[PDB]
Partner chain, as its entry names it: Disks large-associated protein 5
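Only one chain comes next, encoded as structure tokens, the form solved without the partner chain.
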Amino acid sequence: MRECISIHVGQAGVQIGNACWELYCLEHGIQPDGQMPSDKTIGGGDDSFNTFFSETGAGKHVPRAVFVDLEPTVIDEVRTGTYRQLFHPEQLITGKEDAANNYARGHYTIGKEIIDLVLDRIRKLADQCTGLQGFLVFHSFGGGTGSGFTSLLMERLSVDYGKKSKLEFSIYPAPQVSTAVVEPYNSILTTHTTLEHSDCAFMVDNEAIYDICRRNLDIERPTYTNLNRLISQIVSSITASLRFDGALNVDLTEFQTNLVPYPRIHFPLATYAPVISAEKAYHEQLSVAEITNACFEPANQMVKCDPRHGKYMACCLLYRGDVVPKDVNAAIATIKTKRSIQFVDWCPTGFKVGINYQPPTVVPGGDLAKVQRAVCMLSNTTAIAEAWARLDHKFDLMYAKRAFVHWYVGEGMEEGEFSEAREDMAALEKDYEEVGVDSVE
């Protein structure tokens, strides 16, 4: 009755999914073979909740997702791994050839020959759904698949489905760190087309989570498994009100309703404040005040962007565990007393709140500790324009020498689709500026 279809594009998407679905299987008691001992123990309940996991007559539970990479090396670890008996074998392993970190190859040339299968499977999944609300895509800027095929798929989906939420958890490029020269071009060409289609486009940055690991969890040599688990925790804090019973439920039609004032400024940021280890899990009270103060704390954000260089337009706070609204009222009043945290002059409320009773789960072989309460915050700022301008400068440095363009126009692109995207992204940077101006009488 309350369903959300997940889509995973690229290496980043599939690995975030392998974290997310491990988490979801742990929360609901589902084993990797898809069975449940609890429902045969007592005979009742919908712990394997119909929001994410389907069900068939054999007491098995299959996920509501589909993978695609245009490269077979990744999905062939799922098909040949611990979670092989869970996923429907229709995972797109279209491993003829990859995009070669080129938007043009994941949009027209190699982006065809796959997409129709994806649409067919998504229709097959939706027809099994009654009250669908959402299309949670996980992709990555910089890559060719996550830049192009994502754009094409969302183009098609905004026609086929329409009045349905379509969110996005992306890996935004870092200012210093990066794994490719062609990160900028693909990013600026993705944001140009994935701005009229998407409804809320979350964003993270691996530099920030690296900083978080060696300062909160005390890991000096992490890997992507230590990051995608935090992302899974974010998604779980987001997608819990549809699953578990709580006081102040918050569905997906509310995030897009209380964080997108105007339809172009739907690029928020995330934070999950308790990232402490089992050693520091003690020595600390872990109350709502500390956590909510940590959410607005720089050096705990998931995008390298100092919000003190900007202003807050809205912020949703989704809490889990032993929480009482009295403490949230107190903490919001505390944050509104302060002066480093500037809210606009057209949003005095500036706060949506969501509360749930189910605390987070602990993944074995993990880094986080067990806690009685946890928090996620999603925040819209005028400060993320800085990152856009940073990327645009790199674009304007390379595109003047016309570097790396022949690889794009050699795959179905003209030279104008670049300048159409730097001038489309040079207006949103102006919009985020206009919204920041205080009004005048």
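Numbering follows the first chain given and starts at 1. Shifts are known only where both forms have a C-alpha. Note that the rigid core is defined as the largest set of C-alphas that superpose within 1.5 Å between two forms.
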| query | finding |
| --- | --- |
| Gap at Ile42 across at least one third of the other PDB entries | yes |
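Separately, the form solved in complex with the partner chain exists; it is not shown, and the next lines address it.
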| property | result |
| --- | --- |
| 4.5 Å heavy atom contact, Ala278 and the partner chain in the bound PDB entry | no |
| Non-hydrogen atom contact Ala299 with the partner chain in the bound PDB entry at 4.5 angstroms | yes |
| Exercise: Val362 in contact with the partner chain in the bound PDB entry, heavy atom 4.5 Å | no |
| Residues of 337 to 357 having any heavy atom within 4.5 Å of the partner chain in the bound PDB entry, listed in sequence order | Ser340, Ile341 |
| C-alpha displacement of 2 Å or more between the shown form and the other one on the rigid core, among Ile212, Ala126, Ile93, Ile335 | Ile93 |
| Direction of the Cα shift between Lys124 and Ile93 in the bound PDB entry, where the change is 3 Å or more | closer |
| Shifted regions of at least three residues between the shown form and the other one, judged by C-alpha displacement of 2 Å or more after core alignment | 91 to 95 |
